[PDB]
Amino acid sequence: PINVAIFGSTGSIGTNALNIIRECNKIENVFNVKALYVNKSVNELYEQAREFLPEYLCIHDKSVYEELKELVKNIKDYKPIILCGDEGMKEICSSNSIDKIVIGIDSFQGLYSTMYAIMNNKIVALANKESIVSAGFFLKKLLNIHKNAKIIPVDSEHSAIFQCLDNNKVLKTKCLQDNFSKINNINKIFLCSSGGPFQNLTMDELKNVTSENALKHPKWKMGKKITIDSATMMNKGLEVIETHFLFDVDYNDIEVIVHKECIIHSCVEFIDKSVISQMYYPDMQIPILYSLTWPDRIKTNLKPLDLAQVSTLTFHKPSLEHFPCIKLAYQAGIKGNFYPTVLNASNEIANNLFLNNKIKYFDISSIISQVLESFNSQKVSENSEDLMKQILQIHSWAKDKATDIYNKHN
């Protein structure tokens, strides 16, 4: 029986996690959902609690804590531990009845809960790429201290890469460990991208695109921030850095490829030049499920891939002139130090300004570029707590720098 906690159970990752857990448990009783954690969606948490009956419930927003305790009295034969805030999150992480933790929270509570999961030697199914990009060094350090903790990637491309690896080798190392690529015989990574909604626009059309155009008739259901990142290809830029940290693959050995059908999720070239790829319909249930079952697989009732119906798969190189965010991401990664923290932070501001119609498409990369040019590399702290504080300082600095640049050329 696999004992799981879901952090951010009402968000996109959380609800997909619970859906695939539900459907797999109908086939064979594999998962016990031991804990659910949400920010403030007390009614939805209640509905999930009624179905999954977790031992722990945690709500971040203290103002709905009493409402949750009263709602839960409706449920028959059920006495959960009901917790609140950061403190409740920490208690869940330290429970011996939880093996695996799904992190479905964005950058703030996300890195925070990831750190506590690692400190408690849990298996951590991590969807939050911003955390790896911004705090990669710190996560590596922490995993070197907490030797039984493991990060398993949930991001579709990174799960794909992970699924292409031989577990006989993966089991002798772990993600974010030095020499991971050597041990797994990895030579090169093809990181597949949908290309986003602006992939076929001319330069002249790109100058005038708005966030409405990016968010209009979205071929897949996702949040506004990641949709904007897909539009600029900064999503794939962040994913390049994520790939480098997760798998210890050199930046010269990570190739972004536009694959508009979104069937091949990424490919790995091994040192013999054989390439292995993972394929499925665009559906987050597979990456989530694999993070929870690894190194095994279990039966699902998901629709089988019909390759003849799919019929055609295409691949092309993205234009760095049309998508300068990719270039900026490689440059920041290659420069190393805290440049990735700065890249992620300045993008967070630039993304939000474009979303809210304050700046144009090419202003996004301009702002990020200027913040990166502005940054001065710092001595990397040896102490893990000092390092965390350093990352937080740089993140805050970079957000304020981007905002100041916006306010200058207002």
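Rigid core (definition): largest C-alpha set, two forms, superposition within 1.5 Å. Don't overthink the numbering: it's just position in the shown sequence, from 1.
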Review point. Relative to this form, superposed by the core, which stretch has the greater CA RMS in 8 other deposited structures of this protein: 104-112 or 300-308?
Key: 104-112
**Study point:** Core-aligned Cα RMS comparison in 8 other deposited structures of this protein - stretch that moves more, 80-88 or 246-254
**Key:** 80-88
**Study point:** Mean Cα B-factor comparison, 77-85 or 246-254, giving the higher one as deposited
**Key:** 77-85
Exercise for review: Quick one: say whether 357-365 or 64-72 has the higher mean Cα B-factor in the deposited entry.
Suggested key: 64-72
Review point. Whose CA atom has the top B-factor in the entry, of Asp272, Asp306, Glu261, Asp106?
Key: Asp106
Practice item. Going by the CA temperature factor in the entry, name the top one among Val102, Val240, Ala214, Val133. Key: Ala214
Revision key, fill the gap. Temperature factor at the Cα of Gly110, chain-ranked in thirds, falls in the highest
Revision key, fill the gap. Chain-relative C-alpha B factor for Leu343 (record values, thirds): the lowest
Study note, to complete from the structure: Chain-relative C-alpha B factor for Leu126 (record values, thirds): the middle
Practice item. Place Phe315 in the lowest, middle or highest third of its chain's C-alpha B-factors, as listed in the PDB entry. Key: middle
Exercise for review: Give the position of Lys219 by CA B-factor within its chain, expressed as the lowest, middle or highest third.
Suggested key: highest
